[PDB]
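# Coordinates in review
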Amino acid sequence: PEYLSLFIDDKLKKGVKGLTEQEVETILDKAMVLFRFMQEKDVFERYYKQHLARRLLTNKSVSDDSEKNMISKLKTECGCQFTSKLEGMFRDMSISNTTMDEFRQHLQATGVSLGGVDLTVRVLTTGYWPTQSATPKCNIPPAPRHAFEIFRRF
Amino acid sequence: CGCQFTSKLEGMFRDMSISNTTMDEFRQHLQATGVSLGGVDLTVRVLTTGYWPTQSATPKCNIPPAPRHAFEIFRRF
Amino acid sequence: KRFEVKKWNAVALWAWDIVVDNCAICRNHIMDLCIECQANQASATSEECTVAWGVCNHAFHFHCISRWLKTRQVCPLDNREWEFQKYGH
Amino acid sequence: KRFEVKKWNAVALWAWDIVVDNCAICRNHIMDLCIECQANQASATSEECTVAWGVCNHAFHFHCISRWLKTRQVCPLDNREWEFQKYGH
Ligand SMILES: [Zn+2]
Ligand SMILES: [Zn+2]
Ligand SMILES: [Zn+2]
Ligand SMILES: [Zn+2]
Ligand SMILES: [Zn+2]
Ligand SMILES: [Zn+2]
């Protein structure tokens, strides 16, 4: 299941393998058919969520349309259960981008120092995204440090 | 003429709205930065390719240093 | 300077007022067992006494809110339907 | 200095990620024919195989999205109703 998750992540990160949707749809159908005759769905869901975290917390423009196809296929294969957690994670991504819009509005208001130049700050919830280890700590840039401090004050 | 070419004109007006909105947005964060003496007074308009045809071949030549800095800041934003 | 930072893409994690020092259900802590377990061993016999995280970013002992599900069904510090999005700290 | 610039009224044109090198419908290019035309002549018989520009600043071959209008009706890289605001590069 881990290798299947890696394969689906490789197919989802970019549509280089087949620009047209036809072959993408066929290969996704074949992948879900292969997943149908598979056990140990818990590790599959865990690794799929980890791949979602990796692909959403990095450069975007992954597909901006195939996420709906992926969630629909999950809802018709596993059903509202493990796919429900991924729906919650997508809702949390929406929350983060709305909070980023709010922080941009706050920077347009203050707009005085160089603390928040292009501070693209994402706000996530503990439950959806597991801790990397124990939230590491070390010296950070001071202008952006005061930017993060003002974001925390907001 | 009827709802046909007037739809294109309405789209052009929507593009004008988009351009001025992107102008106020650009400015907002140019005032937040204020790095170099190239953005003293900037009025940048953002248009879409479809509405406004390309002039001849998108001409290019070396830009004065203050407009150079202004364009660099706008592109970074 | 030689290197200057222009853009930053930090990700901020948030947690509600779970009161790590007082469990909002049993008032012991966010760890170190609960009222109905007390002693560390207390005839553990496997099972578990870890922390439970909900969809509302609230944290209590798994035992505390597992028992509390029989008394009510909305997280006491709010009015949201309690989920079980995570298990353990 | 003798002449200094105070104000500037530049106009910025923008285009989306049309991928000029790899058509989003036929993985060929933003020019140089398409999958169903291939060879330059290929019995052209007038007609046209130029680029089509939409209201969303997306560009594909006219043939590609003309055929794609029968499969779906919303530009694949987004969810917008596709227009035909321009013809050719
Ligand atoms: Zn407790
Ligand atoms: Zn206990
Ligand atoms: Zn709660
Ligand atoms: Zn094409
Ligand atoms: Zn063609
Ligand atoms: Zn489009």
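Conventions adopted
Residues numbered from 1 in each chain as written, not as in the entry; some residues may be left out. Chains lettered and ligands numbered in written order. Part of a larger assembly, values for the part shown. Heavy atoms only, no water. Residues with missing side-chain atoms left out of burial classes, pairs and counts. Pairing = 2+ DSSP bridges. Helix = DSSP H or I, 4+ residues; strand = E, 2+ residues; numbered from the N terminus. Donors = N, O, S within 2.8 Å, 3.2 Å for Na, K, Ca; no water. Tetrahedral: all angles 85-135°; square planar, octahedral: opposite > 155°, others 65-115°. Core = buried A, V, L, I, M, F, W, Y, C linked by side-chain atoms within 4.5 Å. Buried < 20%, exposed > 50% of the residue type's maximum accessible area, 1.4 Å probe, protein only. Contact = heavy atoms within 4.5 Å.

Per the deposited record, cryo-EM is how this structure was determined, to a resolution of 7.99 Å.

### Quick word on the sheet that holds strand β5 (residues 86-87) of chain D
The pairing of strands in a sheet happens through backbone hydrogen bonds and is either parallel or antiparallel. In space, the 3 strands of this open sheet follow the order β4-β3-β5 (chain D), with antiparallel pairing throughout. Taken across any chain shown, the strands that pair with only one partner, and hence form the sheet edges, are β4 (59-61) and β5 of chain D.

### Quick look at the coordination of the zinc ion (ligand 1)
Residues and elements named next belong to chain C. For the zinc ion (ligand 1), the full set of protein donor atoms is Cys23 (SG), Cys26 (SG), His61 (ND1) and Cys64 (SG), at a range of 2.1 to 2.3 Å. For the zinc ion (ligand 1), the 4 donor atoms in the first shell make angles of 98 to 116 degrees at the metal, a pattern classed as tetrahedral. For the zinc ion (ligand 1), the single-chain donor residues occur in sequence as C-x2-C-x34-H-x2-C. With a gap of 41 residues between them, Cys23 in the loop between β2 (11-14) and β3 (51-53) and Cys64 in helix α1 (residues 62-68) connect regions that are remote in the sequence.

### What to know about the coordination of the zinc ion (ligand 3)
Residue and element names in this part refer to chain C. Within the protein, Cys56 (SG), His58 (ND1), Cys75 (SG) and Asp78 (OD) serve as the donor atoms for the zinc ion (ligand 3), at 2.1 to 2.3 Å. For the zinc ion (ligand 3), the 4 donor atoms are set out with angles of 89 to 132 degrees between them, so the coordination reads as tetrahedral. For the zinc ion (ligand 3), all donor residues lie on one chain, and their spacing in sequence is C-x1-H-x16-C-x2-D. Linking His58 in the loop between β3 and β4 (59-61) with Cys75 in the loop between α1 and β5 (86-87), this pair joins segments that are 17 residues apart in sequence.

### Describing the nonpolar core
Within the largest apolar cluster, 21 residues are counted, with the highest numbers of intra-cluster contacts made by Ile8, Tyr48, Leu52, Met70, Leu86, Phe90 and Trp129 of chain A. Of all elements in the fold, only α1 (2-13), α2 (21-36), α3 (41-56), α4 (66-77) and α5 (82-110) of chain A reach the threshold of two or more residues within this core.

### Side note on the environment of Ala10 of chain D
Tracing the sequence through the fold places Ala10 of chain D in the loop between β1 (7-8) and β2 (11-14). The class for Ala10 of chain D is buried, based on a relative accessible area of 18%. Sequence-distant contacts of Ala10 of chain D, that is, excluding residues within four places in its chain, are made with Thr43, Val44 and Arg45 of chain B.

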